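Single chain ahead, by itself, as structure tokens, in the form deposited in one PDB entry.
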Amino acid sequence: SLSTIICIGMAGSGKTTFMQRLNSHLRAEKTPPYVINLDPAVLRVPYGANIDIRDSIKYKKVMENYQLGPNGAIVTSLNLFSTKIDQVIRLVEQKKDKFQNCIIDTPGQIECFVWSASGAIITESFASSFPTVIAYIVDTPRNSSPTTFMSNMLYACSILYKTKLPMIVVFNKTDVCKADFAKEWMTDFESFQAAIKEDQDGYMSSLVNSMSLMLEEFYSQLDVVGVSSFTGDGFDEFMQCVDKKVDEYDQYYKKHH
């Protein structure tokens, strides 16, 4: 019965803080999740994790023993973990009627998780055993430039395609910067064309014009919410987007896994 929520997003966008607040929110609803941390580099985890990659794998140690830098040691830790993925999935399976959701925190860097073989295997394993939803975390205060916003959205699209999972775009940190502008840009594309024309010269506008149709087709697939992981604002709405995406998953997405 359990569904899996995988938090994915740019470093510093708030994945871990979002995870903490989601956890407290679900517990307050008397539906505490099963919590997994897959960031091997993190120093302390500000919530209780049921499975922590750092337990089986000592991140500094893999750095030293394998002689690689940050990105390498993160991906190596993920490889080692992915070795035990069958066991992990079975563990979650045992708990699948005791917990409404399994929620998963990922490495800080998005590409360490979705463009590594091992991260893709981990994701595929979860997708193949439970309804699984990608919560794509957006650092809202940093995406006010229309070109930055659009690049970020193209990236989310590529992730949507790569993972073949339903996506919820989560504009985080609304306590600093509200997400109205972005919702509008995704809803009324002529506003985005206006922002682009003002901000950027010429060809961009024209480019963005054709992309209007393409982007609209992307945005229709998404669910979209604004949250503050500091205040807990918007999380009820996120969980509604989760239930919707679990439904869609059943119909549309289950066939791909």
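So that the term is clear: the rigid core is the largest set of C-alpha atoms that superpose within 1.5 Å between two forms. From 1 onward, residues are counted along the sequence shown.
Quick note: we don't show the form deposited in another entry, though the next part is all about it.
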Comparing between the shown form and the other one on the core: of 175, 93, 86, 180, the CA moving 2 angstroms or more sits at 180
Taking 2 Å as the cut-off, check whether the CA of residue 130 shifts that much or more between the shown form and the other one after a rigid core fit. no
For residue 29, does the CA position differ by 2 Å or more between the shown form and the other one when the superposition is done on the rigid core? no
Aligning on the rigid core, do we see the C-alpha of residue 153 shift 2 angstroms or more between the shown form and the other one? yes
A 3 angstroms or greater change in CA distance between residue 242 and residue 181 is reported in that other deposited form. Closer or farther than in this form? closer
Between residue 192 and residue 140, does the Cα distance in that other deposited form come out closer or farther than in this form, changing by 3 Å or more? farther
